[PDB]
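# fold the following for me, if possible:
(2 chains)
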Amino acid sequence: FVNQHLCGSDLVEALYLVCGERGXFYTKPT
Amino acid sequence: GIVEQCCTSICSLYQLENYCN
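Numbers count the residues shown, from 1 in each chain, chains lettered A, B, ... in the order given. Find the structure here:
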């Protein structure tokens, strides 16, 4: 898994694939 | 904040699970 310093950009990235707020934040909706 | 441990410490998948649950 990923147990390092991911700070926002990454920690929020895992926050997506993880919780995803039941939807999606907004990064690259290609 | 989050980065505090998810940037200065270690961020685990369960720790963020708590960030949203």
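# tell me the contacts of residue B:3?
A:7, A:8, A:11 (C-beta atoms under 8 Å, 6 or more residues apart in numbering or on different chains). To be clear about C-beta, it is placed using only N, CA and C from the backbone, and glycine gets the same treatment.
# just give the number of residues close to residue B:17.
For residue B:17, the neighbour count with other C-beta atoms under 10 Å in any protein chain shown is 13.
# and it, how far is that from chain A?
6 Å (C-beta to the nearest C-beta, to the nearest Å).
# hang on, the earlier thing: got a winner among the contacts of residue B:3 for most neighbours?
Top of those by neighbour count (other C-beta under 10 Å): residue A:11, with 22 neighbours.
# let me see the contact set for that residue.
B:2, B:3, B:6, B:7, B:11, B:16.
# got the contacts of residue B:3 as a markdown table, with secondary structure columns?
Shown next, in a markdown table, are those (DSSP: H, G, I helix; E, B strand; the rest coil):
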| residue | secondary structure |
| --- | --- |
| A:7 | helix |
| A:8 | helix |
| A:11 | helix |
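# now, which of these sits nearest residue A:18?
residue A:11 (9.8 Å; C-beta to C-beta).
# hmm, back to that, so which of the contacts of residue B:3 comes closest to residue A:26?
Using C-beta to C-beta, the contacts of residue B:3 come closest to residue A:26 at residue A:8, 13.6 Å.
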